[PDB]
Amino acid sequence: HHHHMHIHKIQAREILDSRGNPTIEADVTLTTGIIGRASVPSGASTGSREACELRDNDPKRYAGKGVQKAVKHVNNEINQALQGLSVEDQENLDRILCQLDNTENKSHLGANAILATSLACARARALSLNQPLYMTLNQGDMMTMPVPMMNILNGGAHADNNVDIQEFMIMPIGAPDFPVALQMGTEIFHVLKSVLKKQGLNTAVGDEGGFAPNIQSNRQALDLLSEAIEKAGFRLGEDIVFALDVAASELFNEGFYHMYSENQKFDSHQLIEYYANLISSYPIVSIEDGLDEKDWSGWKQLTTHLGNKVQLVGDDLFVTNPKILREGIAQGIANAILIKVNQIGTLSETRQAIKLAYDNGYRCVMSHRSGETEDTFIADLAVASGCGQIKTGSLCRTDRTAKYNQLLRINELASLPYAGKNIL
């Protein structure tokens, strides 16, 4: 009977994210007793057009970062708005949530309250169907185990070192399947720890589990990773390639991009040239947010000049937002989008952005935030969407490894190809 998908109750609670800041978790209980549960991540380098992350701003509670207001919105308005409705229709529930909030940026109820509800409903649906989450999430795309881009040296907003570039990532693109890809990246990660330790560089980790040394230059960071790849026995280019998240909106000030670690200040043109030179020296296949979220003329130039040679990922540029991605597609900027559910607030709108990217030749990279939880939703969504690439952290900290472990579990019975080099 299909009334078994009807919602009995929705509730939320405050939990801690992986940085120690509160975030929201929602439980959706159906009339059969089944409970779908999901929690919401939180970024540090957040684009200016991300949907509203509703916080309490009480200085006497968690330094103003409580989320009891968002919890209260789930317990009250959202619960009573959705009770008796079916979780079988994800689009209908997300539509009701957006209309209940009735603001462009989800600032009445909070994008975190809406997303917690949206994802918990998706899990309640999957439990009702008695199928793994990734199966219930697929909308016809050919599923693959994704290639991970693994952020093993952290900088920028994620660490207190002098590193300007936010993320230095390795991608085990030459691996034959996902378990071996994880093994390769893990082995490189541990060799990198030894390489750093021998040079007296910091091996404590930043927010995403990558080491947080001070570096002499971005090139030194890439040299250190190259050294670790070689000492682990893998081949640059053939086995492992590089991806970067510059998070350049964090470096843009007063009309210039500031590479403080290198005492350099670049206009847009000079930073494009800077990237072209890095690409000619290292196998960098992907650059995320190479330019500022408002530098649309720069992004167009970057895409024309280097887009044939490298993947260019809009993160803050697009904020997982179909309206913004549509404008970017029309203007010809970037060729990939970083998919962050909590940048937009619902599964359904995330799916819109994915469809708009696929239909127009853009790749999708499924992504964590730097503030994670134990929730592994993005592992199932990466597989289900067939996007072929995931960005979910270094190889330490369970906020990251829990996603890698969920991919290992999915790989057991999914009988799916590894995206591998097809992502190029």
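Numbers for residues come from their place in the sequence shown, where the first is 1.
In this entry, 89-97 has the higher mean Cα B-factor, the comparison being between 209-217 and 89-97. Here the stretch with the larger average CA B-factor, out of 80-88 and 261-269, is 80-88. As recorded in the entry, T144 carries the highest CA temperature factor of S286, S194, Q343, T144. Considering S48, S42, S45, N360 together, the PDB entry gives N360 the largest C-alpha B factor. In the deposited entry, the Cα temperature factor of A120 sits in the middle third of values across the chain's modelled residues. Ranked by Cα temperature factor within the chain, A414 sits in the highest third according to the deposited record. When the modelled residues of the chain are ordered by C-alpha B-factor, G371 sits in the lowest third.
When the modelled residues of the chain are ordered by their C-alpha B factor, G140 lands in the highest third. When the modelled residues of the chain are ordered by C-alpha B-factor, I10 sits in the highest third.
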